file coords.cif (mmCIF, C-alpha atoms and all ligand atoms)
data_coords
#
loop_
_atom_site.label_atom_id
_atom_site.label_comp_id
_atom_site.auth_asym_id
_atom_site.auth_seq_id
_atom_site.Cartn_x
_atom_site.Cartn_y
_atom_site.Cartn_z
CA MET A 63 -10.31 8.89 9.12
CA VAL A 64 -10.83 5.18 8.25
CA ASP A 65 -14.45 4.55 7.03
CA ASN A 66 -14.95 8.25 6.39
CA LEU A 67 -16.56 7.94 2.88
CA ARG A 68 -19.84 6.67 1.61
CA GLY A 69 -21.23 5.86 -1.81
CA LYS A 70 -20.92 3.69 -4.93
CA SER A 71 -19.40 3.80 -8.47
CA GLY A 72 -22.68 4.67 -10.23
CA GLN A 73 -23.17 7.89 -8.30
CA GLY A 74 -19.83 8.59 -6.58
CA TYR A 75 -18.05 8.65 -3.22
CA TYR A 76 -18.37 11.57 -0.80
CA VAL A 77 -16.45 12.76 2.36
CA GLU A 78 -18.11 14.86 5.14
CA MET A 79 -16.96 18.50 5.14
CA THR A 80 -17.96 21.23 7.61
CA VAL A 81 -18.14 24.71 6.12
CA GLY A 82 -18.48 28.02 7.94
CA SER A 83 -19.27 29.07 11.42
CA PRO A 84 -21.81 28.16 12.62
CA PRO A 85 -20.97 24.76 11.01
CA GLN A 86 -22.85 23.42 8.00
CA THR A 87 -21.91 19.75 7.43
CA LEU A 88 -22.20 18.66 3.75
CA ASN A 89 -21.62 15.46 1.87
CA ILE A 90 -19.03 16.11 -0.83
CA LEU A 91 -18.18 14.00 -3.90
CA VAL A 92 -14.42 13.31 -4.03
CA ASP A 93 -13.22 14.24 -7.62
CA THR A 94 -9.55 13.67 -8.60
CA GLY A 95 -10.36 14.75 -12.09
CA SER A 96 -11.03 18.46 -11.33
CA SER A 97 -9.71 21.21 -9.12
CA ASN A 98 -12.63 23.32 -7.75
CA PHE A 99 -14.33 23.02 -4.41
CA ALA A 100 -17.93 23.72 -5.41
CA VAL A 101 -21.11 23.22 -3.41
CA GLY A 102 -24.86 23.56 -4.25
CA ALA A 103 -25.93 26.82 -2.68
CA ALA A 104 -29.63 27.09 -3.70
CA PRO A 105 -32.62 24.70 -3.72
CA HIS A 106 -32.69 21.88 -6.19
CA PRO A 107 -34.99 18.92 -6.77
CA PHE A 108 -32.00 16.57 -6.14
CA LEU A 109 -30.25 18.25 -3.16
CA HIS A 110 -30.90 17.01 0.37
CA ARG A 111 -29.12 20.03 1.77
CA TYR A 112 -27.21 22.98 0.33
CA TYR A 113 -24.68 25.64 1.45
CA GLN A 114 -26.51 28.62 2.97
CA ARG A 115 -23.98 31.43 2.66
CA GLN A 116 -26.30 33.65 4.62
CA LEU A 117 -25.99 31.44 7.73
CA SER A 118 -22.21 31.55 7.72
CA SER A 119 -20.63 34.41 9.68
CA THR A 120 -17.21 33.52 8.15
CA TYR A 121 -18.18 33.56 4.47
CA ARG A 122 -16.55 36.20 2.27
CA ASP A 123 -17.72 36.98 -1.23
CA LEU A 124 -15.01 37.32 -3.86
CA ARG A 125 -17.40 39.25 -6.23
CA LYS A 126 -16.53 37.10 -9.23
CA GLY A 127 -18.61 34.43 -11.03
CA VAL A 128 -17.36 31.17 -12.59
CA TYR A 129 -18.94 29.18 -15.33
CA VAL A 130 -17.86 25.49 -15.76
CA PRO A 131 -19.12 23.75 -18.89
CA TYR A 132 -18.77 20.03 -19.30
CA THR A 133 -19.41 18.13 -22.58
CA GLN A 134 -22.85 17.47 -21.26
CA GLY A 135 -24.08 19.78 -18.53
CA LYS A 136 -22.55 22.58 -16.48
CA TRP A 137 -22.37 24.41 -13.20
CA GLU A 138 -21.95 28.11 -12.46
CA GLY A 139 -21.84 30.13 -9.22
CA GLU A 140 -20.18 32.78 -7.18
CA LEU A 141 -16.67 32.52 -5.79
CA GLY A 142 -15.96 33.17 -2.13
CA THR A 143 -13.98 31.83 0.81
CA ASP A 144 -15.06 30.20 4.06
CA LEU A 145 -13.67 28.13 6.89
CA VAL A 146 -13.57 24.43 6.17
CA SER A 147 -12.84 21.46 8.33
CA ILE A 148 -13.00 17.67 7.87
CA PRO A 149 -14.76 15.94 10.87
CA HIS A 150 -13.01 12.60 10.14
CA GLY A 151 -9.77 14.13 8.99
CA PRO A 152 -6.95 15.94 10.63
CA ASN A 153 -7.77 18.29 13.50
CA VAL A 154 -7.38 21.55 11.58
CA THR A 155 -9.45 24.40 10.03
CA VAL A 156 -8.53 26.19 6.86
CA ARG A 157 -9.85 29.04 4.79
CA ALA A 158 -10.53 27.84 1.33
CA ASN A 159 -12.05 28.92 -1.93
CA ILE A 160 -15.59 27.69 -2.38
CA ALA A 161 -17.75 28.13 -5.38
CA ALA A 162 -21.39 28.53 -4.42
CA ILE A 163 -23.26 26.82 -7.16
CA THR A 164 -26.32 28.90 -8.05
CA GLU A 165 -27.34 27.30 -11.33
CA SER A 166 -26.62 23.97 -13.01
CA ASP A 167 -27.64 21.58 -15.77
CA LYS A 168 -27.26 17.77 -15.57
CA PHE A 169 -24.72 18.02 -12.72
CA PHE A 170 -26.72 16.90 -9.67
CA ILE A 171 -28.17 13.46 -10.02
CA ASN A 172 -31.44 12.26 -8.59
CA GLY A 173 -30.77 10.58 -5.24
CA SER A 174 -26.99 10.87 -5.04
CA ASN A 175 -26.76 12.14 -1.47
CA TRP A 176 -23.94 14.58 -2.28
CA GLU A 177 -24.32 18.32 -2.44
CA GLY A 178 -20.95 19.38 -3.83
CA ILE A 179 -17.66 18.31 -5.41
CA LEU A 180 -14.14 18.42 -3.98
CA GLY A 181 -11.78 18.87 -6.95
CA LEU A 182 -8.50 17.24 -5.75
CA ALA A 183 -6.37 17.72 -8.83
CA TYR A 184 -3.97 20.61 -9.33
CA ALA A 185 -4.29 24.36 -9.99
CA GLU A 186 -3.43 24.22 -13.65
CA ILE A 187 -6.97 23.02 -14.45
CA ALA A 188 -8.87 25.07 -11.79
CA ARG A 189 -11.60 27.37 -13.03
CA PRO A 190 -11.62 30.18 -14.09
CA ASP A 191 -7.85 30.01 -13.97
CA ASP A 192 -4.95 28.67 -12.10
CA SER A 193 -4.81 31.45 -9.56
CA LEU A 194 -7.89 30.03 -7.66
CA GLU A 195 -6.03 27.85 -5.08
CA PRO A 196 -7.61 24.35 -4.88
CA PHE A 197 -8.69 23.02 -1.52
CA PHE A 198 -5.87 20.52 -0.87
CA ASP A 199 -3.21 23.14 -1.67
CA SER A 200 -4.84 25.53 0.91
CA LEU A 201 -4.97 22.60 3.38
CA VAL A 202 -1.26 21.82 3.09
CA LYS A 203 -0.11 25.45 3.01
CA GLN A 204 -2.09 26.33 6.15
CA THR A 205 -1.47 23.29 8.42
CA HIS A 206 1.40 20.80 8.80
CA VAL A 207 -0.68 18.06 7.16
CA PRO A 208 1.48 15.85 4.92
CA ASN A 209 0.92 16.41 1.22
CA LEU A 210 -0.78 13.07 0.42
CA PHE A 211 -4.13 11.40 0.58
CA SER A 212 -5.49 8.02 -0.28
CA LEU A 213 -8.76 6.69 -1.57
CA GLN A 214 -10.11 3.22 -0.66
CA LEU A 215 -13.42 2.85 -2.44
CA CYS A 216 -15.64 -0.15 -1.51
CA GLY A 232 -18.32 2.38 2.05
CA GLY A 233 -14.72 3.71 1.68
CA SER A 234 -11.94 5.80 3.29
CA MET A 235 -10.13 8.99 2.23
CA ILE A 236 -7.19 9.17 4.55
CA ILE A 237 -5.71 12.64 4.49
CA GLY A 238 -1.99 13.06 5.23
CA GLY A 239 -1.28 9.35 5.70
CA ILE A 240 -1.13 5.79 4.47
CA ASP A 241 -3.06 3.37 6.59
CA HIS A 242 -1.62 -0.23 6.17
CA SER A 243 -4.80 -1.85 7.46
CA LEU A 244 -6.51 -0.79 4.18
CA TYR A 245 -4.40 -2.91 1.86
CA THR A 246 -2.61 -6.21 1.50
CA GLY A 247 0.52 -7.04 -0.43
CA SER A 248 2.86 -4.56 -2.02
CA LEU A 249 2.19 -0.87 -2.68
CA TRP A 250 3.49 -0.07 -6.25
CA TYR A 251 4.08 3.53 -7.40
CA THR A 252 3.78 5.09 -10.86
CA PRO A 253 5.03 8.65 -11.45
CA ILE A 254 2.69 11.55 -11.85
CA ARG A 255 3.70 12.58 -15.32
CA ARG A 256 2.69 16.26 -14.93
CA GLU A 257 0.77 17.98 -12.16
CA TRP A 258 -2.56 19.02 -13.72
CA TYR A 259 -4.82 16.04 -13.86
CA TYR A 260 -3.30 13.06 -11.99
CA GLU A 261 -1.63 12.09 -15.32
CA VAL A 262 0.09 8.72 -15.59
CA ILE A 263 1.60 6.57 -18.38
CA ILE A 264 0.33 3.16 -19.55
CA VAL A 265 3.17 1.05 -21.15
CA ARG A 266 1.17 -2.12 -22.14
CA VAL A 267 -2.34 -3.56 -22.19
CA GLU A 268 -3.19 -7.25 -22.07
CA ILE A 269 -6.62 -8.75 -22.38
CA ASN A 270 -6.76 -12.38 -21.06
CA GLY A 271 -2.96 -12.68 -21.32
CA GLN A 272 -2.80 -11.37 -24.88
CA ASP A 273 -0.97 -8.21 -25.68
CA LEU A 274 -3.04 -5.70 -27.61
CA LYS A 275 0.20 -4.98 -29.50
CA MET A 276 -0.48 -1.24 -30.20
CA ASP A 277 2.21 1.49 -30.25
CA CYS A 278 2.16 2.28 -26.53
CA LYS A 279 1.59 6.07 -27.12
CA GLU A 280 -1.88 5.02 -28.38
CA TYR A 281 -2.79 3.96 -24.78
CA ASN A 282 -2.13 7.54 -23.58
CA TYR A 283 -3.63 9.45 -26.41
CA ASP A 284 -3.95 12.28 -25.65
CA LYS A 285 -3.41 11.61 -21.90
CA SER A 286 -4.11 8.93 -19.22
CA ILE A 287 -5.47 9.99 -15.86
CA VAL A 288 -6.73 8.64 -12.57
CA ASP A 289 -10.28 10.08 -12.01
CA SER A 290 -12.52 9.25 -9.02
CA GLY A 291 -15.21 11.53 -10.63
CA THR A 292 -15.61 9.27 -13.68
CA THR A 293 -17.60 5.98 -13.36
CA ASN A 294 -16.16 4.05 -16.34
CA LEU A 295 -12.85 2.91 -17.61
CA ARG A 296 -12.68 5.12 -20.62
CA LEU A 297 -10.33 4.28 -23.56
CA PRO A 298 -9.16 6.15 -26.64
CA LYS A 299 -11.09 5.18 -29.80
CA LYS A 300 -8.53 2.73 -31.31
CA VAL A 301 -7.84 1.14 -27.96
CA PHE A 302 -11.61 0.89 -27.14
CA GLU A 303 -12.14 -0.88 -30.48
CA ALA A 304 -9.28 -3.33 -29.89
CA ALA A 305 -10.44 -4.15 -26.38
CA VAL A 306 -14.02 -4.65 -27.46
CA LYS A 307 -12.93 -6.94 -30.33
CA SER A 308 -10.91 -9.01 -27.74
CA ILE A 309 -13.56 -9.17 -24.99
CA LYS A 310 -16.16 -10.11 -27.61
CA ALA A 311 -13.85 -12.88 -28.98
CA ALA A 312 -13.47 -14.32 -25.54
CA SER A 313 -17.23 -14.14 -24.84
CA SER A 314 -18.31 -15.28 -28.32
CA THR A 315 -20.60 -18.07 -27.02
CA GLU A 316 -22.95 -15.20 -26.14
CA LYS A 317 -24.03 -12.84 -28.94
CA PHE A 318 -24.94 -9.47 -27.41
CA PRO A 319 -26.65 -6.64 -29.07
CA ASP A 320 -24.57 -3.64 -30.07
CA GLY A 321 -26.28 -1.48 -27.43
CA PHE A 322 -24.66 -3.57 -24.73
CA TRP A 323 -21.11 -2.85 -26.02
CA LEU A 324 -22.12 0.84 -26.24
CA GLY A 325 -23.01 0.79 -22.52
CA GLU A 326 -26.66 1.53 -23.50
CA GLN A 327 -28.28 -1.84 -22.64
CA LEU A 328 -28.21 -4.51 -19.95
CA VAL A 329 -27.57 -8.18 -20.60
CA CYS A 330 -28.91 -10.80 -18.28
CA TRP A 331 -28.57 -14.38 -17.02
CA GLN A 332 -30.82 -16.30 -14.58
CA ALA A 333 -30.14 -15.34 -10.90
CA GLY A 334 -26.60 -16.58 -10.06
CA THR A 335 -25.73 -18.32 -13.35
CA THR A 336 -23.54 -15.58 -15.03
CA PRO A 337 -20.67 -17.20 -16.99
CA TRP A 338 -17.88 -14.96 -15.53
CA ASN A 339 -15.18 -17.21 -17.03
CA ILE A 340 -16.15 -16.23 -20.54
CA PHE A 341 -15.10 -12.59 -19.73
CA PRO A 342 -11.42 -11.83 -19.73
CA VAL A 343 -9.26 -10.00 -17.13
CA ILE A 344 -7.72 -6.70 -18.26
CA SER A 345 -4.15 -5.81 -17.25
CA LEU A 346 -2.89 -2.20 -17.49
CA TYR A 347 0.86 -1.98 -17.13
CA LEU A 348 1.81 1.36 -15.51
CA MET A 349 5.31 3.01 -15.73
CA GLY A 350 7.43 2.14 -12.72
CA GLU A 351 9.48 4.60 -10.71
CA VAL A 352 12.60 2.90 -12.10
CA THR A 353 13.47 3.26 -15.64
CA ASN A 354 12.71 0.17 -17.71
CA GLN A 355 10.22 -1.12 -15.08
CA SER A 356 6.46 -1.38 -14.97
CA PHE A 357 3.85 -3.00 -12.77
CA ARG A 358 0.38 -4.13 -13.66
CA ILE A 359 -3.06 -3.57 -12.25
CA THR A 360 -5.32 -6.44 -13.17
CA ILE A 361 -9.03 -5.74 -13.55
CA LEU A 362 -11.72 -8.36 -12.99
CA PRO A 363 -14.86 -8.72 -15.15
CA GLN A 364 -16.80 -7.87 -11.96
CA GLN A 365 -15.28 -4.35 -12.20
CA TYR A 366 -16.12 -3.74 -15.76
CA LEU A 367 -19.43 -5.53 -16.01
CA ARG A 368 -21.61 -3.94 -13.35
CA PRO A 369 -25.01 -5.07 -11.97
CA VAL A 370 -28.06 -2.73 -12.28
CA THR A 375 -35.82 -8.47 -14.76
CA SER A 376 -35.30 -8.53 -10.96
CA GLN A 377 -35.36 -12.32 -10.93
CA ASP A 378 -32.42 -12.21 -13.39
CA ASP A 379 -28.91 -10.84 -12.81
CA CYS A 380 -28.47 -8.00 -15.32
CA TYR A 381 -25.33 -5.96 -16.13
CA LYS A 382 -23.99 -2.86 -17.87
CA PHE A 383 -20.66 -2.73 -19.71
CA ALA A 384 -18.60 -0.05 -17.86
CA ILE A 385 -15.87 0.51 -20.47
CA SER A 386 -16.58 3.35 -22.91
CA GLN A 387 -14.91 5.17 -25.79
CA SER A 388 -13.05 8.50 -25.20
CA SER A 389 -11.70 11.36 -27.39
CA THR A 390 -9.79 12.90 -24.44
CA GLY A 391 -7.59 9.96 -23.41
CA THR A 392 -7.75 7.00 -21.03
CA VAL A 393 -9.69 7.58 -17.85
CA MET A 394 -9.18 5.27 -15.01
CA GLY A 395 -12.54 5.87 -13.24
CA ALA A 396 -14.17 4.57 -10.13
CA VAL A 397 -15.00 1.09 -11.49
CA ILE A 398 -11.19 0.63 -11.81
CA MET A 399 -10.09 2.32 -8.53
CA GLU A 400 -12.69 0.28 -6.54
CA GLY A 401 -10.47 -2.78 -6.55
CA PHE A 402 -7.47 -0.95 -5.11
CA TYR A 403 -6.03 1.21 -2.31
CA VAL A 404 -4.84 4.26 -4.33
CA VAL A 405 -2.30 6.67 -2.79
CA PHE A 406 -2.07 10.16 -4.24
CA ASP A 407 1.44 10.96 -2.96
CA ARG A 408 1.66 14.52 -4.26
CA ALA A 409 4.80 15.17 -2.09
CA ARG A 410 6.74 12.59 -4.08
CA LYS A 411 4.84 13.22 -7.34
CA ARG A 412 3.61 9.57 -7.68
CA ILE A 413 0.43 7.47 -7.32
CA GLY A 414 0.49 4.10 -5.53
CA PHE A 415 -1.72 1.10 -6.01
CA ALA A 416 -2.14 -1.95 -3.79
CA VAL A 417 -4.83 -4.58 -3.56
CA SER A 418 -7.72 -3.32 -1.34
CA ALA A 419 -8.49 -5.09 1.93
CA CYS A 420 -12.26 -4.70 1.31
CA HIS A 421 -13.87 -7.91 -0.16
CA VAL A 422 -15.65 -11.28 0.42
CA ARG A 427 -9.28 -14.35 -9.62
CA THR A 428 -8.58 -11.23 -7.40
CA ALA A 429 -7.87 -7.63 -8.53
CA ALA A 430 -4.07 -7.83 -8.46
CA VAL A 431 -1.17 -5.42 -8.31
CA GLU A 432 1.96 -7.17 -9.62
CA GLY A 433 5.52 -6.43 -10.51
CA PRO A 434 8.12 -5.65 -11.50
CA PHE A 435 8.12 -6.23 -15.26
CA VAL A 436 11.35 -5.22 -16.90
CA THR A 437 11.50 -3.95 -20.40
CA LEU A 438 15.06 -3.54 -21.80
CA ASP A 439 13.31 -1.85 -24.71
CA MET A 440 13.02 1.51 -22.91
CA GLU A 441 10.15 3.19 -24.93
CA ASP A 442 8.55 6.61 -24.22
CA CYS A 443 4.77 5.93 -24.19
CA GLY A 444 3.61 9.53 -23.33
CA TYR A 445 1.92 11.65 -25.91
CA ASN A 446 2.81 15.30 -26.33
CA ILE A 447 -0.35 17.36 -26.74
CA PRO A 448 0.17 19.98 -29.47
CA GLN A 449 0.86 23.34 -27.85
CA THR A 450 -1.86 25.89 -28.73
CA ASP A 451 -0.99 29.62 -28.95
CA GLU A 452 -3.45 30.36 -26.09
CA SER A 453 -1.50 27.91 -23.88
CA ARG A 454 1.85 29.35 -24.95
CA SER A 455 0.59 32.85 -24.25
CA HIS A 456 0.03 32.45 -20.42
CA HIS A 457 2.63 33.48 -17.80
CA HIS A 458 2.91 31.44 -14.63
CA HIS A 459 4.77 33.78 -12.22
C1 LIG A 501 -17.81 7.85 -9.88
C2 LIG A 501 -18.72 9.08 -9.76
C3 LIG A 501 -19.24 9.41 -11.16
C4 LIG A 501 -20.38 10.41 -11.30
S1 LIG A 501 -21.12 11.24 -9.93
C5 LIG A 501 -22.30 12.17 -10.74
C6 LIG A 501 -22.15 11.82 -12.05
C7 LIG A 501 -23.03 12.52 -13.00
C8 LIG A 501 -23.41 11.96 -14.20
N1 LIG A 501 -24.14 12.94 -14.78
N2 LIG A 501 -24.21 14.09 -13.94
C9 LIG A 501 -23.49 13.81 -12.80
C10 LIG A 501 -21.10 10.83 -12.51
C11 LIG A 501 -20.75 10.33 -13.90
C12 LIG A 501 -19.48 11.07 -14.39
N3 LIG A 501 -19.85 12.40 -14.76
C13 LIG A 501 -19.58 13.50 -14.07
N4 LIG A 501 -18.77 13.53 -13.10
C14 LIG A 501 -18.84 14.77 -12.36
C15 LIG A 501 -17.45 14.62 -11.63
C16 LIG A 501 -19.61 14.89 -11.05
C17 LIG A 501 -18.48 16.01 -13.09
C18 LIG A 501 -19.64 16.01 -14.06
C19 LIG A 501 -20.21 17.23 -14.41
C20 LIG A 501 -21.33 17.18 -15.27
CL1 LIG A 501 -22.07 18.77 -15.71
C21 LIG A 501 -21.89 15.96 -15.72
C22 LIG A 501 -21.31 14.74 -15.34
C23 LIG A 501 -20.20 14.80 -14.50
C24 LIG A 501 -19.01 10.41 -15.68
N5 LIG A 501 -18.84 9.09 -15.74
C25 LIG A 501 -18.45 8.46 -16.89
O1 LIG A 501 -18.28 7.22 -16.87
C26 LIG A 501 -18.29 9.20 -18.07
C27 LIG A 501 -18.49 10.59 -17.99
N6 LIG A 501 -18.87 11.14 -16.80
NA NA A 502 -7.72 31.35 1.01
NA NA A 503 -28.42 24.21 -8.28
ZN ZN A 504 -33.18 13.98 0.99
ZN ZN A 505 4.24 37.91 -16.96
ZN ZN A 506 -0.06 29.76 -13.79
#
call {"tool": "encode", "arguments": {"input": "coords.cif", "output": "structure tokens", "more": "lines below"}}
Ligand SMILES: CCCc1scc(-c2cn[nH]c2)c1C[C@H](/N=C1\NC(C)(C)Cc2cc(Cl)ccc21)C1=NC(=O)CC=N1
Ligand code: NA
Ligand code: NA
Ligand SMILES: [Zn+2]
Ligand SMILES: [Zn+2]
Ligand SMILES: [Zn+2]
result
Amino acid sequence: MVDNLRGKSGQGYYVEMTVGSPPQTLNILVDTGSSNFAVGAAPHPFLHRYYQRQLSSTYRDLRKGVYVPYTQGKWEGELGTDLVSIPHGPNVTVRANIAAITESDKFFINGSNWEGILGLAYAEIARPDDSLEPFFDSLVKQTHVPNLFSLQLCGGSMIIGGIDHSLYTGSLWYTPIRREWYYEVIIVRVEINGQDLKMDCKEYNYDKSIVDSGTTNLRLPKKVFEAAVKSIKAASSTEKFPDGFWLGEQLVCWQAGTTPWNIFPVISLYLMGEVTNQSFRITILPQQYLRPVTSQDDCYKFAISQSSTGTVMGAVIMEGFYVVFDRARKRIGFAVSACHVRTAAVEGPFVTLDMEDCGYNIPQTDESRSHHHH
């Protein structure tokens, strides 16, 4: 399973999955921020291949549609089940739910080389509801595959059912999964070049913090975004950038190989430790957040953006790390990645005697209160 992913942060990382019999092998974007297995199932300007239900003798229609809006764009399709296997994964075959995407807007991107998404988060956020069993749950229930996977994103490995120690150096540090819906976690402190942002720590997790391989950027709640930008600007104040750059709408450039990296600070996110009163920190390099895209110059985009739905630790963040989704023990581990040429660091423990609760409790809507989970 080592080396079983390909891709980049701008357009995502995909694993090979074989669906149906006779086998159709598809390139699937790995998405820890959703819970549907969904695959393009009809021609599209941007698809190199798609799922042909009519070629699969093992496909079964569920006779139910599903409509998945996103803030900008959407997919919809028909639910069914089919046999699924992972060529560079364990030696098993499962029957899983698959949404056959028949229409979409702004979902498939020009030249991505993936045809489908593998939603690895939990059933609570599956569409249309939590009774549509996500792929990984079907995988574990059907086989004896251990209930964990890891992502090493460089190009990359998703190891299913195991930790591979050749993919990381140093210590593996675990933070609890706060609740099993998204891969929710809790941020206890943020430093930018050594300086504490000094916000009430609930602000860092307002209204949640998650780990999301389907998101490119580090995304931060409004007040936290504003504080970080103020701090990164202060550090880089010998360069005056236009506003569009800080909005992630404009490149900024230096002559080939002369970029003043030192003017850009490191960002440390302190995650809750498994032990009470402890945390550990993941330290993010400017090379993660300031990404190359005037082809005599080196030009870059700012990959930190504002959020109204919480902190999102996206691909630009996970790229520096071996990240273990240890669902069995309800925790997420981080270690420094062994793919490379300041380093992204994973460091701890940090003890706080001050034992604060930094999680935010999302106000409970009547609709949410109404639902039974039997
Ligand atoms: C690391 C992989 C990131 C990827 S792969 C393909 C795209 C994409 C962009 N537009 N259409 C597809 C992105 C950017 C990402 N947006 C998306 N991620 C996905 C998971 C595929 C779900 C989705 C549905 C729609 Cl309808 C539009 C965008 C996205 C995203 N990144 C951010 O930084 C902020 C918001 N969305
Ligand atoms: Na099934
Ligand atoms: Na389509
Ligand atoms: Zn093609
Ligand atoms: Zn009931
Ligand atoms: Zn339920």
call {"tool": "closest_residue", "arguments": {"input": "coords.cif", "among": "A:175, A:212, A:159, A:83", "to": "residue 249 of chain A", "atoms": "all atoms listed in the file"}}
result
A:212
call {"tool": "residues_near_ligand", "arguments": {"input": "coords.cif", "ligand": "ligand NA 503 (chain A)", "cutoff": "9 Å", "atoms": "only C-alpha atoms and all ligand atoms", "output": "JSON, numbers by chain"}}
result
{"A": [101, 102, 103, 104, 105, 106, 107, 108, 109, 112, 137, 138, 139, 163, 164, 165, 166, 167, 169, 170]}
call {"tool": "residues_near_point", "arguments": {"input": "coords.cif", "point": "(-24.5, 31.1, 3.5)", "cutoff": "12 Å", "atoms": "all atoms listed in the file", "output": "PDB file with C-alpha atoms, in the coordinates of the input"}}
result
ATOM      1  CA  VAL A  81     -18.140  24.710   6.120  1.00  0.00           C
ATOM      2  CA  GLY A  82     -18.480  28.020   7.940  1.00  0.00           C
ATOM      3  CA  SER A  83     -19.270  29.070  11.420  1.00  0.00           C
ATOM      4  CA  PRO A  84     -21.810  28.160  12.620  1.00  0.00           C
ATOM      5  CA  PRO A  85     -20.970  24.760  11.010  1.00  0.00           C
ATOM      6  CA  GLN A  86     -22.850  23.420   8.000  1.00  0.00           C
ATOM      7  CA  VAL A 101     -21.110  23.220  -3.410  1.00  0.00           C
ATOM      8  CA  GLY A 102     -24.860  23.560  -4.250  1.00  0.00           C
ATOM      9  CA  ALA A 103     -25.930  26.820  -2.680  1.00  0.00           C
ATOM     10  CA  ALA A 104     -29.630  27.090  -3.700  1.00  0.00           C
ATOM     11  CA  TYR A 112     -27.210  22.980   0.330  1.00  0.00           C
ATOM     12  CA  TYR A 113     -24.680  25.640   1.450  1.00  0.00           C
ATOM     13  CA  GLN A 114     -26.510  28.620   2.970  1.00  0.00           C
ATOM     14  CA  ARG A 115     -23.980  31.430   2.660  1.00  0.00           C
ATOM     15  CA  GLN A 116     -26.300  33.650   4.620  1.00  0.00           C
ATOM     16  CA  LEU A 117     -25.990  31.440   7.730  1.00  0.00           C
ATOM     17  CA  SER A 118     -22.210  31.550   7.720  1.00  0.00           C
ATOM     18  CA  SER A 119     -20.630  34.410   9.680  1.00  0.00           C
ATOM     19  CA  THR A 120     -17.210  33.520   8.150  1.00  0.00           C
ATOM     20  CA  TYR A 121     -18.180  33.560   4.470  1.00  0.00           C
ATOM     21  CA  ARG A 122     -16.550  36.200   2.270  1.00  0.00           C
ATOM     22  CA  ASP A 123     -17.720  36.980  -1.230  1.00  0.00           C
ATOM     23  CA  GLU A 140     -20.180  32.780  -7.180  1.00  0.00           C
ATOM     24  CA  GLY A 142     -15.960  33.170  -2.130  1.00  0.00           C
ATOM     25  CA  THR A 143     -13.980  31.830   0.810  1.00  0.00           C
ATOM     26  CA  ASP A 144     -15.060  30.200   4.060  1.00  0.00           C
ATOM     27  CA  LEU A 145     -13.670  28.130   6.890  1.00  0.00           C
ATOM     28  CA  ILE A 160     -15.590  27.690  -2.380  1.00  0.00           C
ATOM     29  CA  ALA A 161     -17.750  28.130  -5.380  1.00  0.00           C
ATOM     30  CA  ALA A 162     -21.390  28.530  -4.420  1.00  0.00           C
ATOM     31  CA  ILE A 163     -23.260  26.820  -7.160  1.00  0.00           C
ATOM     32  CA  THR A 164     -26.320  28.900  -8.050  1.00  0.00           C
TER      33      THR A 164
END
call {"tool": "residues_around", "arguments": {"input": "coords.cif", "residues": "residue 332 of chain A", "least_positions_apart": "4", "cutoff": "10 Å", "atoms": "all atoms listed in the file", "output": "ChimeraX atom specification"}}
result
/A:336,375-380
call {"tool": "atom_distance", "arguments": {"input": "coords.cif", "atom1": "atom CA of residue 259 of chain A", "atom2": "atom CA of residue 96 of chain A"}}
result
7.1 Å
call {"tool": "residues_around", "arguments": {"input": "coords.cif", "residues": "segment 193-201 of chain A", "least_positions_apart": "6", "cutoff": "7 Å", "atoms": "only C-alpha atoms", "output": "list in words"}}
result
residues 97, 98, 99, 156, 158, 159, 182, 184 and 185 of chain A
call {"tool": "atom_distance", "arguments": {"input": "coords.cif", "atom1": "atom CA of residue 273 of chain A", "atom2": "atom CA of residue 392 of chain A"}}
result
17.3 Å
call {"tool": "closest_residue", "arguments": {"input": "coords.cif", "among": "A:386, A:209, A:172, A:353", "to": "ligand ZN 504 (chain A)", "atoms": "all atoms listed in the file"}}
result
A:172
call {"tool": "axis_aligned_box", "arguments": {"input": "coords.cif", "around": "segment 301-315 of chain A", "padding_each_side": "6 Å", "output": "lines of an AutoDock Vina configuration file"}}
result
center_x = -14.2
center_y = -8.5
center_z = -27.7
size_x = 24.8
size_y = 31.2
size_z = 17.6
call {"tool": "residues_near_ligand", "arguments": {"input": "coords.cif", "ligand": "ligand ZN 506 (chain A)", "cutoff": "9 Å", "atoms": "all atoms listed in the file", "output": "JSON, numbers by chain"}}
result
{"A": [185, 186, 191, 192, 193, 456, 457, 458, 459]}
call {"tool": "residues_near_point", "arguments": {"input": "coords.cif", "point": "(-19.5, 11.8, 4.4)", "cutoff": "12 Å", "atoms": "all atoms listed in the file", "output": "MDAnalysis selection string"}}
result
chainID A and resid 63:69 74:80 87:92 148:151 175:180 232:235
call {"tool": "atom_distance", "arguments": {"input": "coords.cif", "atom1": "atom CA of residue 268 of chain A", "atom2": "atom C16 of ligand LIG 501 (chain A)"}}
result
29.7 Å
call {"tool": "residues_around", "arguments": {"input": "coords.cif", "residues": "segment 276-286 of chain A", "least_positions_apart": "4", "cutoff": "10 Å", "atoms": "all atoms listed in the file", "output": "ChimeraX atom specification"}}
result
/A:255,259-267,296-302,304,346,388-394,441-448
call {"tool": "closest_residue", "arguments": {"input": "coords.cif", "among": "A:431, A:124, A:340, A:359", "to": "residue 314 of chain A", "atoms": "all atoms listed in the file"}}
result
A:340
